[PDB]
Amino acid sequence: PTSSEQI
Amino acid sequence: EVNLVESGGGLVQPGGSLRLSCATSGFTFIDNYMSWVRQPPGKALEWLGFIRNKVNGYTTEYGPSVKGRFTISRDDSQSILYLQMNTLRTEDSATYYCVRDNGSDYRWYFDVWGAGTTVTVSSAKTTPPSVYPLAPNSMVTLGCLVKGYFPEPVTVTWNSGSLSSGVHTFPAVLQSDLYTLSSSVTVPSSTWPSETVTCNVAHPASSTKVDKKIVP
Amino acid sequence: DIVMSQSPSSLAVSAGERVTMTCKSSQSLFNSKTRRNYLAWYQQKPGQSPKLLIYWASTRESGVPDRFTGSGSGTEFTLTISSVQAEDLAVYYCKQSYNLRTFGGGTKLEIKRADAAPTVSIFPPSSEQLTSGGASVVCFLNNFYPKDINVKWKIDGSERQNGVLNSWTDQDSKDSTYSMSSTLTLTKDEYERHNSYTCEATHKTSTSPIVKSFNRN
Ligand SMILES: *[C@@H]1O[C@H](CO)[C@@H](O[C@@H]2O[C@H](CO)[C@@H](O[C@@H]3O[C@H](CO)[C@@H](O)[C@H](O)[C@@H]3O)[C@H](O)[C@H]2NC(C)=O)[C@H](O)[C@H]1NC(C)=O
């Protein structure tokens, strides 16, 4: 899920 | 402070293309994910897509409605965000918003928004309004008829903004490729025709500015 | 592709009363890694850009009054407003950011208030519009409440139902009333083939219609 992407 | 300002929104013939810009200032652009959101008149917000930062490969994601037809890009050296719109349809007519897609601490919400830039997708030709004065009891109501212009919007004021209370500017109605709206202002009968009451109509689309004094 | 549904479409409330609105998502907006439900609430007042109020379902943004509380998790979320103020007039949108982003259809929050009869004003076509060959008769029905209202145009005692265009304003930012414009568009010749022009407004505030009129001469 995109909500897990960092920065 | 953080500022986002969209540009490029104008009147465009269906089928053509258009590129919107979002100039930014006040924050480190290169560190952020950026999204575009739009909104047809009197309709709901719609997420168009976003573009990841350099650290994440400048890749993009889109909403179903636009995927394949719109392209999001950016220029980190200029802190500008772009939105290329191709194969425009009438359904594209809307206010386009530039937003910061805050990713820090995995928040993932839109904390800053631009004022928006309006895109009108029609074949109608940009036409200037024909402002007309409307005149006829402790108070008197005066009006102003702004007829036959295209496209939206027009900004109407009274006495260059001096008169703000007792004003009603009605939503424009589309009639045969031409918009028509009116504005009424109510003031004490003791201030008219005593004091001058002027209707100010500005139509950026056609670089028009008309002042109409209300006379008995 | 997560579908968001909001309810109710629109609700009317009085200053001081509490209000609640729901948002439902087709998939769980909960993230196991981050430990947060990605549902945010946005407030969009008249003519302004949307504004973030709450994120992570129940966390309040900086500067947002405490009377705005978000709650829920998984697929059912709620936005509650205790002691609603007039200034809260706006459309409230929920939005999921679990995967991609999707907005709900929004809940339109309307402000209740006492009924108010409309102030009617009729205006004959301006001389300049006449010289150009046009003739628009305008009638204003201002500051009334509730929104439902009816206008009937009568030319020389006969009801006219062609060439009439009405426009309704949103709730006034000052007194929460509504106003409506009614424009009868005729040709200079048509306008002169008659003399009596009447505007009739019918509103729940009275069984008697409010009448306003004039004569060409
Ligand atoms: C995403 O949004 C959050 C909050 O809306 C941003 O984080 C916050 O950033 C501000 C300034 O960038 C920090 O404020 C500073 O705090 C110290 C003391 O608290 C104060 O003395 C400074 O003058 C300034 O006010 C704030 O602490 C920080 N909050 C935290 C801990 O997250 C964040 O920068 C945004 N992310 C992006 C991508 O811009």
# chains A, B, ... in the order shown; residues from 1 in each chain; ligands from 1

call {"tool": "residues_near_ligand", "arguments": {"ligand": "ligand 1", "cutoff": "8 Å", "atoms": "only C-alpha atoms and all ligand atoms", "output": "VMD selection string"}}
result
(chain A and resid 7) or (chain B and resid 27 to 28 31 to 33 100 to 105 107 111) or (chain C and resid 61 to 62)

call {"tool": "residues_around", "arguments": {"residues": "residue B:198", "least_positions_apart": "6", "cutoff": "10 Å", "atoms": "only C-alpha atoms", "output": "list in words"}}
result
residues 133, 142, 143, 144, 157, 158, 159, 160, 161, 162, 163, 211, 212, 213, 214 and 215 of chain B

call {"tool": "closest_atom_pairs", "arguments": {"of": "chain C", "to": "chain B", "cutoff": "7 Å", "atoms": "only C-alpha atoms", "output": "CSV"}}
result
residue,atom,partner,partner_atom,distance
C:40,CA,B:109,CA,6.9
C:49,CA,B:115,CA,5.9
C:52,CA,B:111,CA,6.0
C:55,CA,B:109,CA,6.8
C:97,CA,B:108,CA,6.3
C:101,CA,B:47,CA,6.2
C:102,CA,B:47,CA,6.0
C:103,CA,B:46,CA,6.1
C:105,CA,B:44,CA,5.7
C:106,CA,B:44,CA,6.6
C:123,CA,B:136,CA,5.7
C:126,CA,B:134,CA,6.1
C:129,CA,B:132,CA,6.8
C:167,CA,B:170,CA,6.2
C:168,CA,B:170,CA,6.5
C:169,CA,B:170,CA,5.4
C:181,CA,B:170,CA,6.9

call {"tool": "write_last_selection", "arguments": {"atoms": "C-alpha atoms", "output": "mmCIF file, in the first residue's frame"}}
result
data_model
loop_
_atom_site.group_PDB
_atom_site.id
_atom_site.type_symbol
_atom_site.label_atom_id
_atom_site.label_comp_id
_atom_site.auth_asym_id
_atom_site.auth_seq_id
_atom_site.Cartn_x
_atom_site.Cartn_y
_atom_site.Cartn_z
ATOM 1 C CA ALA C 40 -8.560 12.245 6.585
ATOM 2 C CA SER C 49 -9.728 25.631 -1.120
ATOM 3 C CA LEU C 52 -7.229 19.560 6.358
ATOM 4 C CA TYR C 55 -5.875 12.770 9.647
ATOM 5 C CA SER C 97 -4.694 7.597 1.637
ATOM 6 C CA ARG C 101 -6.117 8.549 -2.713
ATOM 7 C CA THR C 102 -9.884 8.687 -3.060
ATOM 8 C CA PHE C 103 -12.405 11.305 -1.924
ATOM 9 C CA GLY C 105 -18.822 12.406 -2.250
ATOM 10 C CA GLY C 106 -18.897 14.871 0.619
ATOM 11 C CA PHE C 123 -36.880 46.124 -12.403
ATOM 12 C CA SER C 126 -32.610 49.289 -18.770
ATOM 13 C CA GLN C 129 -30.385 47.231 -23.217
ATOM 14 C CA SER C 167 -30.748 31.489 -10.137
ATOM 15 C CA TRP C 168 -30.360 30.703 -6.418
ATOM 16 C CA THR C 169 -27.512 31.999 -4.251
ATOM 17 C CA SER C 181 -32.970 36.007 -9.175
#

call {"tool": "interface_residues", "arguments": {"of": "chain A", "to": "chain B", "cutoff": "7 Å", "atoms": "only C-alpha atoms", "output": "PyMOL selection string"}}
result
chain A and resi 3-4+6-7

call {"tool": "interface_residues", "arguments": {"of": "chain C", "to": "chain A", "cutoff": "9 Å", "atoms": "only C-alpha atoms", "output": "ChimeraX atom specification"}}
result
/C:31,33-34,38,97-100

call {"tool": "residues_around", "arguments": {"residues": "stretch 111-120 of chain C", "least_positions_apart": "2", "cutoff": "6 Å", "atoms": "only C-alpha atoms", "output": "JSON list (two decimals) with C-alpha atoms, in the first residue's frame"}}
result
[["chain", "number", "residue", "atom", "x", "y", "z"],
["C", 12, "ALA", "CA", -29.08, 21.07, 8.17],
["C", 13, "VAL", "CA", -28.20, 21.96, 11.74],
["C", 14, "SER", "CA", -28.67, 24.85, 14.16],
["C", 140, "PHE", "CA", -35.11, 39.81, -6.97],
["C", 141, "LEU", "CA", -36.45, 37.71, -4.09],
["C", 142, "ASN", "CA", -33.94, 38.43, -1.32],
["C", 143, "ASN", "CA", -33.09, 37.07, 2.12],
["C", 144, "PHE", "CA", -35.76, 34.43, 2.60],
["C", 145, "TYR", "CA", -35.71, 31.05, 4.34],
["C", 146, "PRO", "CA", -36.18, 28.15, 3.79],
["C", 205, "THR", "CA", -43.98, 32.25, 5.12]]
